[PDB]
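Engineer: my sequence and its experimental structure, below.
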Amino acid sequence: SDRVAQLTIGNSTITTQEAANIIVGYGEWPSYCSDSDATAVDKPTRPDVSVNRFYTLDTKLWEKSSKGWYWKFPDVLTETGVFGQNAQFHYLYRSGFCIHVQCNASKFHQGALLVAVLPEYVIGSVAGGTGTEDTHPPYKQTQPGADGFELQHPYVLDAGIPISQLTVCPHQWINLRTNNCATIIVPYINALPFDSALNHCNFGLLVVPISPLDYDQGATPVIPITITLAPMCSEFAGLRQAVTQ
Amino acid sequence: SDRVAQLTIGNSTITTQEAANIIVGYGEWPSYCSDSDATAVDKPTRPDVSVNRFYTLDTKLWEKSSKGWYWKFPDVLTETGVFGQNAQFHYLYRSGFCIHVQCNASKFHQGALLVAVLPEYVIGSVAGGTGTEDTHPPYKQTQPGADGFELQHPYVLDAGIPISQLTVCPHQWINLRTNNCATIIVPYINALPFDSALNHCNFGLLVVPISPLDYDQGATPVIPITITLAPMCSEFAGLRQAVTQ
Amino acid sequence: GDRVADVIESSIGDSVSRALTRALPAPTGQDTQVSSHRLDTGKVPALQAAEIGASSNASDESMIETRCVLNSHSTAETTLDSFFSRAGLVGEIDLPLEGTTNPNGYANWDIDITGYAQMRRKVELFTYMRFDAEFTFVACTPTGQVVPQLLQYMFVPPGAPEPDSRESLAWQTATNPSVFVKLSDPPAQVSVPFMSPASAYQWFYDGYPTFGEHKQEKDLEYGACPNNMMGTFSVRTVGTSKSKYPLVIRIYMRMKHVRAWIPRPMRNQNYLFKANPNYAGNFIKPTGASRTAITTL
Amino acid sequence: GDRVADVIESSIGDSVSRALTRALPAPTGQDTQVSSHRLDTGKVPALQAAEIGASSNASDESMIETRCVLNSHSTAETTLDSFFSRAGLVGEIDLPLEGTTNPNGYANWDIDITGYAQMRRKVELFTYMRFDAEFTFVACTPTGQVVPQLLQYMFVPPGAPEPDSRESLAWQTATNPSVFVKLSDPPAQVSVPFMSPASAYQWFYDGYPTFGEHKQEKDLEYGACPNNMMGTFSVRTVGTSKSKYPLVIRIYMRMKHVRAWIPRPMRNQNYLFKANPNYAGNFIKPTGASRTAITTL
Amino acid sequence: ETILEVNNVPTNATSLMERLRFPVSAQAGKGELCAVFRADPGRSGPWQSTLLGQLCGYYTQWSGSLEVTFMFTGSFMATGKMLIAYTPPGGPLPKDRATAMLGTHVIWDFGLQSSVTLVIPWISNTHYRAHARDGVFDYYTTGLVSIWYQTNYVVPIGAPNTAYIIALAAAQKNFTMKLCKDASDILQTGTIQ
Ligand SMILES: CCCCCCCCCCCCC/C=C/[C@H](O)[C@H](N)CO
Ligand SMILES: CCCCCCCCCCCCC/C=C/[C@H](O)[C@H](N)CO
């Protein structure tokens, strides 16, 4: 926890100083969460720690020709990312999160982003003629990687849903003009009390640059984007298979 | 714990019933243990559970031509055995143990064994002419496996120490005549406060059949020997290496 | 003996408070002064104001009751049930005397929403929902003339087999509820309970006795032609043989006790298929009627 | 927020008790009866008996003091120090006027136990020990005749460099303590503190500035000829040149403040090497003097 | 506090200055390494130049560890994040930034930090040197410290491109020196009249 464990670096590309930018709404870790109920002969347990620290996946770069990127959960919690030592064994999973997005730029750049979390974000793929009613949902697209993937048509959100009405979900406006911080908290969202470690992927994270990035020649042409997450209140259990030892 | 977790079987080759044989001396898990001190810039931590259950390694068979077998610690705690998921990463280790040996036979067999734990049991190898003062200590002999290894000359203990005076160390007499149980408890024994995960092997377990096994023809010619252990109060920590992520 | 323990994740202080019941608003606020009121005084124009408060004839006095309109109508036609008010014609099962559509009298149909794109549009504003159901049945000839005849209706729960021929014993059964009524009688009003195996309607692995979900290895989401085994319907013509009149049956579904969760942006593309919201990725269209310029209308 | 916690490993009840100081034994027990005393009554012969108790002239009365022997000698020559009583001749450094053994006056020696197999046998009954040390030095000619000459002694702590030639500045140094005395003077009694880097004597990775222990990849347990850098000794002949008499120096080591731990069975095979207790695996011998038969002596 | 040389590449006379500080210019800015070193005070390299190593060169029981400090010299308008990680003893240095992110680490920044003070823990497990004689054992190892480019070095058009990070060195009140032994050097010239 704190800011150290294995990863102790606290200085990104601009090597910034002078305190941090968080802007807290809640009161410093507002309590634990529930356990719910079930209707079968299964029951999970808790792994406590080693998942309670912070994590900083790779930094994607913003350019003028950018279109936006998205992530799927808990795809990045698996081996597809830093973790993967306690994610592919068990069967049940559920957790909150403390997602923090930190950007950085000089005072001469312009542009503005938009963060949003869409629960049960099922992509309708690129489509456009790929006639599929129900044959085989893809796995090479819905799980790109911990790096995310650039969008094709952000206006229709590559699914047919308009981008304009996105702000219904929780969202913040990353504006290069004034601030660079973005802290969001997402509780557990699922119909069933507990989820599986399989193709029942939870909410997806969306980041779309609405205001295009621009500047004058001679300055830095690319602005990095940092992604951090903190799995509040996670669990792991459930396993039964062939020959055991 | 209890008697179940992953391994739930509680019936060996004879498929015995009618309660268990333990013969307890202490009062049901006599408290925790200490943490000691240190003299450097290192400090360990605890893994709590997932090492608190029981473990039953492979069963070795007793025959008339038997000579005895020995084990090294914590060699069987590593991947050389059932465990190996939290043993090769960290650097410091220390634990008590609850070792239980259960044999089984009819009322028509004869013979008697001897269990003993020898701290800092450094083998002097087979020797006999292999002139070595200090060149290269072997690794193909001192770490045979979780199966142990049959002794060469038990009278001199394959090291030159007489077998007669063995009973100085803690020991029990496995006698086929009356009982079949053997419960021993071994606390932490080391000069330094904490041990390494390397060639600083702790005590070794010895089992030598003094009274030879014998019977009459037509009965079962081989008697199995079960080995169980319980790592009371274990710890794991310490790691630093090349490129990190 | 034990050396490791750590959970935390807690906060202490002003968690909850007193327990009261005072569902009545009172005069709140008044006024506060700032500075010299001017138009172009230098910093910002168009300054603000404030009020105190009042709530109809309940709060404060009740001397005069001057509402905006002298009680024209009701003011709550906006709830979820109000939204889901009508009962649209969902099923249009057709039974000819002879032909290829339904020659053997039997006709199988199942509940769905994709039959009406508008209904699907209206129903897919959310993610999770929980509602009851009702059904009404009207039978008429293509020329609209009642005839003397008896009909057999039956509901089929999920996972039950499919009655294919008129001779199928599934028509007999005992577990599948059935309804018998002459068509000259009034229509057959009926209700259907909440038949989902979870707390909200959501597809994927919910049908078939076998497996499901994404990335199939052990199951097919086909079940032959009746994909996604769920609440379906069956209908015969009562008789050891064919009937003497053509029939045109109709369905009327109606939600009741509707509760939604997790709204999402509605839609901005034409629907393509079932259970797979694709779109015209090469024929992407705008949303509103675009105008010529921005300076002028 | 937190959902998992489990340590246990504890027991409650009769842990400790009252605090007293009563180091004096009192009459304990008396007698109890069992049955009819007979020889072959049927179950077991050779029955038992019991007593009450008494402890010298302290416990109970002190009317008569009739010990076994009228105070012959002391009765405690069995402690650890008593065991480690004498001071054996460990070092026998020899300095000739000319020759090949030690031509250049210098002579390097180090502390060890394998020089005396009997001493090693006596000292290897345990695993862990902690003791101080002392040394005394006697110098004489091979014919045993004192001569006028001055000598230089110095102790070398572990990890210090090795003075090889008489001209080596390590002879000068400032950190290595040195001792100067003429040989006609009485011997040089001196003490050496507990120089181990742990709480008990045990080899493996303890020497060399570099690595060690078993399975070398980064270090050699050679350090050239002086293996296992540890507390060694050095000795010269004072003078810008050679000396005029042959010398035969001797050492006398003596433990003090001895404490052992973890006894082990002593030994039943001849020693072979240093730091590697091998044995004659093909020439294994018995232990006691075997006799002819068992029925007779 | 005493400044510590890490970029100890130059060995000439004029270029002696930049032994102390190292560049953080913006050419590559995603996943490469800046510099690494050991934690051995009195053997060779960095700590040999500070005062802590100079005092360690008079004893045998040392640590050469604990807190350090990095002071940034970016103009005023430089932003970027650096990754600092520490590897415990008996471990290999990570081959990527993700592996180094695990264990213990800290993410620096240039917004308003201008300073950072990482601390090294202290651990003693194995045997330093148990040589009964020299030339037989060569087994020595120690943990390492690495610096990784987290993000590229942002700069507005008008400010310089290359900056310089300096490094400090100190300890605290936990560890002690022991076993006074005579120091051996070459700081002589023979002709000292
Ligand atoms: C398999 C068909 C849907 C594939 C996934 C696309 C969106 C996933 C969430 C919506 C689909 C299931 C949740 C319920 C939606 C509608 O309200 C139901 N059809 C209610 O009848
Ligand atoms: C490297 C030499 C020993 C190799 C291991 C064989 C036995 C290990 C334990 C005994 C050796 C170290 C413990 C101390 C034994 C003796 O008391 C010491 N030499 C005391 O001088």
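Structural biologist: That came through, no problem. Numbers count the residues shown, from 1 in each chain, chains lettered A, B, ... in the order given. Ligands and ions are numbered 1, 2, ... in the order given.

Engineer: helices of chain E, residue ranges please.
Structural biologist: Using DSSP state H, the helices of chain E run over residues E:51-56, E:97-101.

Engineer: quick one: closest of those helices to residue C:137.
Structural biologist: The minimum distance between residue C:137 and these falls on helix E:97-101, with 63.0 Å, by Cβ to Cβ. For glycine as for every other residue, the C-beta is placed from the backbone atoms N, C-alpha and C.

Engineer: determine how far that closest one lies from the middle of the whole chain.
Structural biologist: 18 Å (Cα atoms, centre = their mean, to the nearest Å).

Engineer: for that helix, output the C-alpha coordinates as PDB.
Structural biologist: What follows is the C-alpha trace of helix E:97-101 in PDB, where atoms were taken according to Å, rounded to 0.1, in the frame of the first residue of the first chain:
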ATOM      1  CA  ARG E  97       9.300  -2.200 -16.300                       C
ATOM      2  CA  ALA E  98       6.300  -4.300 -15.300                       C
ATOM      3  CA  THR E  99       8.400  -6.800 -13.400                       C
ATOM      4  CA  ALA E 100      10.200  -4.000 -11.600                       C
ATOM      5  CA  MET E 101       6.800  -2.400 -10.800                       C
END
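
Engineer: hmm, who's touching that helix?
Structural biologist: When contacts are taken as Cβ atoms under 8 Å, 6 or more residues apart in numbering or on different chains, the neighbours of helix E:97-101 outside the stretch itself are A:6-7, A:9, A:55-56, A:58, A:82, B:243-245, E:31, E:83, E:85, E:93-94, E:146, E:148-150.

Engineer: please apply the same query to stretch A:79-88.
Structural biologist: Defining contact as Cβ under 8 Å, 6+ apart, one finds that stretch A:79-88 is touched by A:47, A:50-51, A:55, A:57, A:74-78, A:143, A:145-146, A:197, A:236, B:245, E:98, E:101-102.

Engineer: repeat that for 7 Å
Structural biologist: Applying Cβ atoms under 7 Å, 6 or more residues apart in numbering or on different chains, the set of residues contacting stretch A:79-88 from outside is A:47, A:55, A:57, A:77-78, A:143, A:145-146, A:197, A:236, B:245, E:98, E:101-102.

Engineer: so for chain E, the centremost residue is which one?
Structural biologist: The residue lying closest to the centre of chain E (Cα atoms, centre = their mean) is residue E:37, at 5.4 Å.

Engineer: and the closest residue to that one other than its chain neighbours, how far is that from chain C?
Structural biologist: In space, not counting the residues next to it along the chain, residue E:37 is nearest to residue E:46; the distance is 5.3 Å by Cβ to Cβ, 6 or more residues apart in numbering or on different chains. For residue E:46, the distance to chain C under the criterion Cβ to the nearest Cβ, to the nearest Å works out to 36 Å.

Engineer: what do you get for residue A:220?
Structural biologist: To chain C, residue A:220 is 33 Å away according to Cβ to the nearest Cβ.

Engineer: please name the nearest non-neighbouring residue to that residue.
Structural biologist: Counting by Cβ to Cβ, 6+ apart, residue A:220 lies nearest to residue E:154, which is 4.9 Å off, once chain neighbours are set aside.

Engineer: residues near that neighbour, how many?
Structural biologist: Each residue near residue E:154 was counted by other Cβ atoms under 10 Å in any protein chain shown, and the total is 28.

Engineer: tell me the bridge partners for it.
Structural biologist: As for beta bridges, residue E:154 partners with residue E:79 under DSSP bridges.

Engineer: what sits against it?
Structural biologist: Contact partners of residue E:154, counting by Cβ under 7 Å, 6+ apart, are A:13-14, A:104-106, A:220, A:223, E:78-80.

Engineer: out of the residues you listed, which comes closest to residue D:168?
Structural biologist: Taking Cβ to Cβ as the measure, residue E:80 is the one of the contacts of residue E:154 closest to residue D:168, at 55.2 Å.

Engineer: number of residues surrounding the nearest residue to residue C:249 once chain neighbours are set aside?
Structural biologist: Counting by Cβ to Cβ, 6+ apart, the nearest residue to residue C:249 once its immediate chain neighbours are dropped is residue C:93, at 4.5 Å. Residues near residue C:93, counting by other Cβ under 10 Å, number 18.

Engineer: tell me which of the contacts of helix E:97-101 fall in strands.
Structural biologist: When the contacts of helix E:97-101 are checked against strands (DSSP state E), the matches are A:7, A:9, A:55-56, B:243, E:83, E:85, E:93-94, E:146, E:148-149.

Engineer: return the distance of stretch A:31-49 from the chain's centre.
Structural biologist: Mean C-alpha position of stretch A:31-49 versus that of the full chain (Cα atoms, centre = their mean) differs by 23 Å.

Engineer: list the buried residues of it.
Structural biologist: In terms of neighbour count (16 or more other Cβ atoms under 10 Å in any protein chain shown), stretch A:31-49 has its buried residues at A:32-33, A:44, A:46-49.

Engineer: JSON lines please, covering these and showing distance to ligand 2 and secondary structure.
Structural biologist: Converted to JSON lines, the buried residues of stretch A:31-49 look like this (distance: Cβ to the nearest ligand atom, whole Å; DSSP: H, G, I helix; E, B strand; the rest coil):
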{"residue": "A:32", "distance to ligand 2": "51", "secondary structure": "coil"}
{"residue": "A:33", "distance to ligand 2": "54", "secondary structure": "coil"}
{"residue": "A:44", "distance to ligand 2": "48", "secondary structure": "coil"}
{"residue": "A:46", "distance to ligand 2": "44", "secondary structure": "coil"}
{"residue": "A:47", "distance to ligand 2": "41", "secondary structure": "coil"}
{"residue": "A:48", "distance to ligand 2": "40", "secondary structure": "coil"}
{"residue": "A:49", "distance to ligand 2": "39", "secondary structure": "coil"}
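
Engineer: ok, so of those, who is nearest chain B?
Structural biologist: Closest approach between the buried residues of stretch A:31-49 and chain B, by Cβ to the nearest Cβ: residue A:48, at 7.8 Å.

Engineer: look up which residues are beta-bridged to residue C:182.
Structural biologist: Taking DSSP bridges as the rule, residue C:182 bridges to residue C:150.

Engineer: what is the burial count for it?
Structural biologist: One way to gauge burial is a neighbour count; for residue C:182, by other Cβ under 10 Å, it gives 13.

Engineer: list the residues that contact the residue nearest to residue E:37.
Structural biologist: Counting by Cβ under 7 Å, 6+ apart, residue E:46 makes contact with E:4-6, E:8, E:37.

Engineer: mind running it again at 6 Å?
Structural biologist: Residues near residue E:46 by Cβ atoms under 6 Å, 6 or more residues apart in numbering or on different chains: E:4, E:6, E:37.

Engineer: also residue A:183?
Structural biologist: Residue A:183 makes contacts with A:22, A:100, as judged by Cβ under 6 Å, 6+ apart.

Engineer: setting aside sequence neighbours, what's the nearest residue to the residue of the stretch 1-150 of chain C found nearest chain B?
Structural biologist: Proximity to chain B, evaluated over the stretch 1-150 of chain C using Cβ to the nearest Cβ, is greatest for residue C:1 at 2.2 Å. Once flanking residues are discounted, residue C:1 sits nearest to residue B:32: 2.2 Å by Cβ to Cβ, 6+ apart.

Engineer: which parts of chain E are strands?
Structural biologist: Assigned by DSSP E, chain E shows strands spanning E:22-23, E:33-37, E:70-72, E:80-87, E:93-94, E:104-112, E:132-134, E:144-149, E:164-167.

Engineer: indicate which one of those is closest to residue D:239.
Structural biologist: strand E:132-134 (28.5 Å).

Engineer: any residue of the closest one up close to chain D?
Structural biologist: Yes. Using Cβ under 6 Å from any Cβ of the partner chain, a contact is recorded between strand E:132-134 and chain D, made by E:132-134.
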